[PDB]
Amino acid sequence: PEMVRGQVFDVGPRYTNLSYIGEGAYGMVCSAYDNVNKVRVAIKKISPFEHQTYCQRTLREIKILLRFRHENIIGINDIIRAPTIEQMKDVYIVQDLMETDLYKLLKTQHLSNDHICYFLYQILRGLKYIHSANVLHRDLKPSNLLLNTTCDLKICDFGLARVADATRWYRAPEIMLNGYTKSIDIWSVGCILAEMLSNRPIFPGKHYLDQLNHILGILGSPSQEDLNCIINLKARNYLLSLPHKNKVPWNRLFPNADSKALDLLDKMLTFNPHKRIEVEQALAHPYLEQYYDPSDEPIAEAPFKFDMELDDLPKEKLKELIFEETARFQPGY
Ligand SMILES: Nc1ncnc2c1ncn2[C@@H]1O[C@H](COP(=O)(O)OP(N)(=O)O)[C@@H](O)[C@H]1O
Ligand SMILES: *[C@@H]1[C@H](C(=O)OC(C)(C)C)C(=O)CC[C@@]1(C)C(=O)OC
């Protein structure tokens with residue numbers, strides 16, 4: 001078995017020449033060469049079966065990415081795991097090899113207005129397809145926006161995605177106030193647009209309540225109509241207890257930015273999720289006029305459905321489901 005930084009990476013003989021890329025709390029990512037298709041790939045090693053929540057993420061990501069097919073969404077090429085469920089401790093997810101992500105890019109480069117518009121369009125184009133399948137991504141952030149050798153952008157990491165019915169900096173305020181809609185993703189995109197405009201996260205809270213104070217320190221205290229739409233009465237009461245804060249005009253934060261970008265940013269970062277701009281309206285915003293093309297922005301064929309609920313299933317049941325979902329990559333299915 002091939003090894004990388006002391007970790008077993010049992011993906012041969014099809015996949016060889018592994019090179020470390022990075023890792024997470026329970027998964028290492030490497031680049032590799034696919035000797036069968038003669039292409040470079042990324043391979044994520046996932047070891048989730050001791051933790052029910054990690055099993056949930058793994059199954060959600062697999063089920064959703066295997067059903068989605070869109071130029072602005074990462075695909076799954078192949079999945080490697082053991083031939084028997086008792087032997088399966090790791091899952092390897094093979095994907096097209098990307099060059100970088102927006103998080104890394106923003107660390108070293110200040111984006112021109114042209115760059116920002118181009119990246120925002122692709123995010124929203126990918127997001128339109130996602131929402132057209134009635135799916136909420138729920139964890140959009142710069143590190144989940146990958147770029148390939150030709151500067152095409154692909155949304156990845158659907159482990160927290162849900163059918164509509166790590167870092168807190170990009171989470172909508174209603175999440176931290178306890179019915180989540182497609183607007184929670186629009187908020188995240190607004191946070192990403194703000195960060196492309198300044199190479200600075202706009203709401204970098206050090207914890208839960210500090211995050212809310214950052215949001216209110218820019219947007220100002222919520223209006224009565226905004227407060228009226230907070231269903232959680234206790235969160236509404238806590239908001240009422242806070243000292244008043246005035247709205248900070250967007251052009252004081254970003255004095256050099258395109259005024260059309262600020263108008264769109266304002267419509268994405270509205271406190272009330274019901275007044276937040278939707279993805280189709282965002283694509284049609286004058287800021288994106290040079291790219292908007294509904295004849296080249298495809299949508300899903302039908303809304304996605306998990307056919308079941310995963311939140312309360314034991315990890316042993318989730319492992320059986322991951323085994324069944326990955327059988328199609330085995331010789332025998
Ligand atoms: N398909 C891919 N191609 C190239 N690099 C990739 C990739 N999928 C993930 N990566 C990279 O692997 C590293 C960790 O990815 P990931 O498994 O998603 O960790 P995390 N905790 O950010 O969610 C990151 O540096 C990421 O950019
Ligand atoms: C792509 C570009 C980029 O990083 O491309 C590589 C190096 C292939 C990842 C950017 O930094 C933003 C600009 C751009 C969209 C672009 O096309 O101009 C280079």
# chains A, B, ... in the order shown; residues from 1 in each chain; ligands from 1

$ residues_near_ligand --ligand "ligand 1" --cutoff "8 Å" --atoms "only C-alpha atoms and all ligand atoms" --output "number ranges by chain"
A: 21-25, 27-31, 41-44, 74, 94-101, 104, 143-144, 146, 148, 156-157, 166

$ residues_around --residues "residue 84 in chain A" --least-positions-apart "5" --cutoff "12 Å" --atoms "only C-alpha atoms" --output "PyMOL selection string"
chain A and resi 89-90+319-320+322-324+326-327+330

$ closest_atom_pairs --of "chain A" --to "ligand 2" --cutoff "8 Å" --atoms "only C-alpha atoms and all ligand atoms" --output "CSV"
residue,atom,partner,partner_atom_place_in_ligand_line,distance
A:99,CA,ligand 2,9 (C),5.7
A:100,CA,ligand 2,9 (C),5.9
A:101,CA,ligand 2,9 (C),7.9
A:105,CA,ligand 2,11 (O),6.4
A:109,CA,ligand 2,11 (O),7.2
A:111,CA,ligand 2,12 (C),6.8
A:115,CA,ligand 2,13 (C),5.2
A:118,CA,ligand 2,15 (C),6.5
A:119,CA,ligand 2,15 (C),6.7
A:147,CA,ligand 2,9 (C),5.6
A:148,CA,ligand 2,9 (C),5.9
A:149,CA,ligand 2,8 (C),4.2
A:150,CA,ligand 2,8 (C),5.1
A:151,CA,ligand 2,1 (C),4.3
A:152,CA,ligand 2,15 (C),7.4

$ write_last_selection --atoms "N, CA and C atoms" --output "mmCIF file, in the first residue's frame"
data_model
loop_
_atom_site.group_PDB
_atom_site.id
_atom_site.type_symbol
_atom_site.label_atom_id
_atom_site.label_comp_id
_atom_site.auth_asym_id
_atom_site.auth_seq_id
_atom_site.Cartn_x
_atom_site.Cartn_y
_atom_site.Cartn_z
ATOM 1 N N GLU A 99 -6.306 23.468 -8.851
ATOM 2 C CA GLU A 99 -5.021 24.131 -8.644
ATOM 3 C C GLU A 99 -4.949 24.817 -7.284
ATOM 4 N N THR A 100 -6.021 25.483 -6.871
ATOM 5 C CA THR A 100 -6.007 26.280 -5.653
ATOM 6 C C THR A 100 -7.450 26.487 -5.205
ATOM 7 N N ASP A 101 -7.635 27.295 -4.169
ATOM 8 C CA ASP A 101 -8.965 27.718 -3.777
ATOM 9 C C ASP A 101 -8.939 29.211 -3.491
ATOM 10 N N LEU A 105 -5.994 31.912 -2.639
ATOM 11 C CA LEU A 105 -5.802 33.009 -3.584
ATOM 12 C C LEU A 105 -5.870 34.362 -2.884
ATOM 13 N N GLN A 109 -3.101 37.603 -3.144
ATOM 14 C CA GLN A 109 -3.445 38.459 -4.272
ATOM 15 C C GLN A 109 -4.641 39.341 -3.943
ATOM 16 N N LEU A 111 -7.667 41.182 -5.630
ATOM 17 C CA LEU A 111 -8.396 40.965 -6.871
ATOM 18 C C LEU A 111 -8.866 42.288 -7.460
ATOM 19 N N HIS A 115 -11.708 40.591 -11.804
ATOM 20 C CA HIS A 115 -11.589 39.279 -11.164
ATOM 21 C C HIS A 115 -12.787 38.993 -10.261
ATOM 22 N N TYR A 118 -15.984 38.165 -12.226
ATOM 23 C CA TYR A 118 -15.868 36.850 -12.845
ATOM 24 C C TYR A 118 -16.062 35.728 -11.825
ATOM 25 N N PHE A 119 -15.425 35.832 -10.656
ATOM 26 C CA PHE A 119 -15.612 34.796 -9.639
ATOM 27 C C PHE A 119 -17.028 34.813 -9.071
ATOM 28 N N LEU A 147 -10.430 26.387 -7.743
ATOM 29 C CA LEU A 147 -10.128 26.884 -9.081
ATOM 30 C C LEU A 147 -9.176 25.913 -9.757
ATOM 31 N N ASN A 148 -9.412 25.644 -11.044
ATOM 32 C CA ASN A 148 -8.586 24.721 -11.817
ATOM 33 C C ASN A 148 -7.564 25.489 -12.659
ATOM 34 N N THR A 149 -6.845 24.748 -13.512
ATOM 35 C CA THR A 149 -5.729 25.312 -14.272
ATOM 36 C C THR A 149 -6.162 26.422 -15.225
ATOM 37 N N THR A 150 -7.419 26.416 -15.669
ATOM 38 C CA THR A 150 -7.923 27.440 -16.578
ATOM 39 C C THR A 150 -8.757 28.493 -15.859
ATOM 40 N N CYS A 151 -8.664 28.547 -14.529
ATOM 41 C CA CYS A 151 -9.332 29.543 -13.691
ATOM 42 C C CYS A 151 -10.852 29.377 -13.673
ATOM 43 N N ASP A 152 -11.332 28.159 -13.914
ATOM 44 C CA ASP A 152 -12.732 27.833 -13.679
ATOM 45 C C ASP A 152 -12.955 27.522 -12.205
#

$ residues_around --residues "residue 91 in chain A" --least-positions-apart "3" --cutoff "12 Å" --atoms "only C-alpha atoms" --output "PyMOL selection string"
chain A and resi 8-11+26-29+43-49+54-55+58-59+62+78-83+85+87-88+94+319+322-323+325-327+329

$ atom_distance --atom1 "CA of residue 252 in chain A" --atom2 "CA of residue 103 in chain A"
24.5 Å

$ residues_around --residues "range 294-309 of chain A" --least-positions-apart "5" --cutoff "7 Å" --atoms "only C-alpha atoms" --output "VMD selection string"
chain A and resid 125 128 to 129 132 to 135 163

$ residues_around --residues "range 195-203 of chain A" --least-positions-apart "2" --cutoff "7 Å" --atoms "only C-alpha atoms" --output "ChimeraX atom specification"
/A:106,110-111,116,169,191-193,205,211,214-215,257

$ closest_atom_pairs --of "range 133-193 of chain A" --to "range 266-289 of chain A" --cutoff "8 Å" --atoms "only C-alpha atoms" --output "Markdown table"
| residue | atom | partner | partner_atom | distance |
| --- | --- | --- | --- | --- |
| A:173 | CA | A:271 | CA | 7.1 |
| A:174 | CA | A:273 | CA | 7.8 |
| A:182 | CA | A:278 | CA | 7.9 |
| A:183 | CA | A:273 | CA | 5.7 |
| A:184 | CA | A:273 | CA | 7.4 |
| A:186 | CA | A:268 | CA | 5.9 |
| A:187 | CA | A:269 | CA | 5.6 |
| A:189 | CA | A:268 | CA | 7.5 |
| A:190 | CA | A:268 | CA | 5.1 |
| A:191 | CA | A:269 | CA | 7.4 |

$ select_by_dssp --residues "range 55-170 of chain A" --states "alpha helix (DSSP H)" --output "ChimeraX atom specification"
/A:55-67,102-108,113-132

$ closest_residue --among "A:236, A:207, A:168, A:162" --to "residue 60 in chain A" --atoms "only C-alpha atoms"
A:162
